[PDB]
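Only one chain is included here, represented as structure tokens and corresponding to the form deposited without its partner chain.
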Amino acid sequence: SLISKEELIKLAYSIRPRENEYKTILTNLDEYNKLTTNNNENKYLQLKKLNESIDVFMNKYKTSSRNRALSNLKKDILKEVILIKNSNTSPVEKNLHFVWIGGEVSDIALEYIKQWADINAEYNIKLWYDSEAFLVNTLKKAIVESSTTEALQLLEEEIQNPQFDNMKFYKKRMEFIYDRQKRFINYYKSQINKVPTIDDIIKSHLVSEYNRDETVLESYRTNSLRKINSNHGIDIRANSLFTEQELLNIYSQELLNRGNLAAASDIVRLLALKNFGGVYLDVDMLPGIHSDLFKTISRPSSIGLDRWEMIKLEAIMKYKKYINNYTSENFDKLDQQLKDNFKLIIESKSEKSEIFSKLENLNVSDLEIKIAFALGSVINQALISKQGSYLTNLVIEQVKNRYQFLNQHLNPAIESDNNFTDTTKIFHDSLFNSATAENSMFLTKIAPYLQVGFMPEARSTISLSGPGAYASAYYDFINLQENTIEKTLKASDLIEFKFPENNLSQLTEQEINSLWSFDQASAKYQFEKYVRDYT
């Protein structure tokens, strides 16, 4: 066990009589050692309480002779965390969570989900949706289309100049995008004083402001609702996932104010795991390839490890056709002897499960959450966690704490009723006065929050509901803290939380398509398409 109260008394000497903060430490040390409980969260919390009481002392008495022995004890506490999390492991609840909010779910997403279904016939599959918001994506399309045209009519004479910089286009368009969102939101607020749905209001707004037939829009709603209930769909609003008002407001400011489905989705995946436990997966993930499968086929030295994994999938698809119209462009580049060898291997396999791994058992700790990796960094596109896991609750806290930081400076900025430019200067001015050595990177990364999705290089979502929130919660757990903004674990500490590598295929056609590339070059590119399609 941890060292005893009676030997800390020996090692933590001082000429001074026992300070009360040191007495409390002794009491926490005895409480912990003398625990009978086998409840890991209980054990962990008692560890956390002890470690908190050590830090108070060492901060109050920075020169006590007791600090060496209390420092060595903190080192032993850090080791105890790992002992606790490795002490009662078991498999996870056999649920798969997928999420599709915002519009009609694609046939192609349904095809990828069906792969998971077939291989893992004993998992209960849930496809989360929001019955209130099938028209959000449609609305955001219309606003961006109208704004593009507005910006081009305004910039038309300056665009003739060959040294014109497309960034000025993107700033201009975003002003227009902001005003259109604002009008919609104020219209929304005005209609909810009595009890209408988001779709009712989007529908009315589209007919009034964007020349839409209510009957076309209604058919899209009913059809998209039908198609998702026929495919494992389950409505977030009927199962009361949001019990906390704080979290519902976060999901609504993403779903409604910004119209950011990715971010609104990040909230939902965590609540799903918290309430039901199991495995979350983005709809562009595929099951893992059997490990042996292509061991007799050596990767050419000209082809990166990544393309090689992309190729193995294309091979299975070209010969098994699990998914219709799956790209072949990379498999085609191979020398005929490779192609043949792939065809021999694949076409000699009888059943789908001889090709793809099944999850089967996923034996993990009830304290933890496991997560996919990319380039040695975490990425929230696959998740494993037991129902009500502590680390799952920590990630929620991080997200709450991060949005609370954000709205502190943003809400006063928006309530002031200004245009996008004045709103931004007000927002930033406030934001950068909060700056410390602790948070300055986080601050400059959520500074372009309002333009995420509409302008190149806005990636605030990463630091709010995405990986940034996860990386910090992993730090908080290992180091028995709360609410860390920026601090990170070394690679070897991080690795324990990896999603089992062979149980996932992360390099899919859709993953690659749906992957962020709104950099300065694709903005150049996209701008020319706009100028080309102008009238």
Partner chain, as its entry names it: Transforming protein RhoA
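Numbering follows the first chain given and starts at 1.
Below, we turn to the form solved in complex with its partner chain, even though it does not appear here.
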Q: Just one of 368 to 376, 75 to 83, 100 to 108, 286 to 294 has residues with a heavy atom within 4.5 Å of its partner chain in the deposited bound form, so point it out.
A: 368 to 376
Q.
Can you confirm whether 4, 276 and 476, the three residues that make up this candidate site, all sit within 4.5 Å of its partner chain in the deposited bound form, judged by heavy atoms?
A. no
Q. Does residue 20 reach its partner chain in the deposited bound form if we count a contact as any heavy atom within 4.5 Å?
A. no
Q: Answer for residue 119 alone: is it within 4.5 Å of its partner chain in the deposited bound form, judged on heavy atom distances?
A: no
Q. Taking heavy atoms and a 4.5 Å cut-off, does residue 354 contact its partner chain in the deposited bound form?
A. no
Q) Quick one: does residue 429 come within 4.5 Å of its partner chain in the deposited bound form, counting heavy atoms only? A) yes
Q) Given that its partner chain is left out here, which of 445, 339, 182, 114 has a heavy atom within 4.5 Å of it in the deposited bound form? A) 445
**Q.** Contact assignment for its partner chain in the deposited bound form, among 307, 299, 94, 400, heavy atom within 4.5 Å
**A.** 307
Q: Go through 457 to 479 residue by residue and record those having a heavy atom within 4.5 Å of its partner chain in the deposited bound form; state none if no residue qualifies.
A: 457, 459, 462, 467, 468, 471
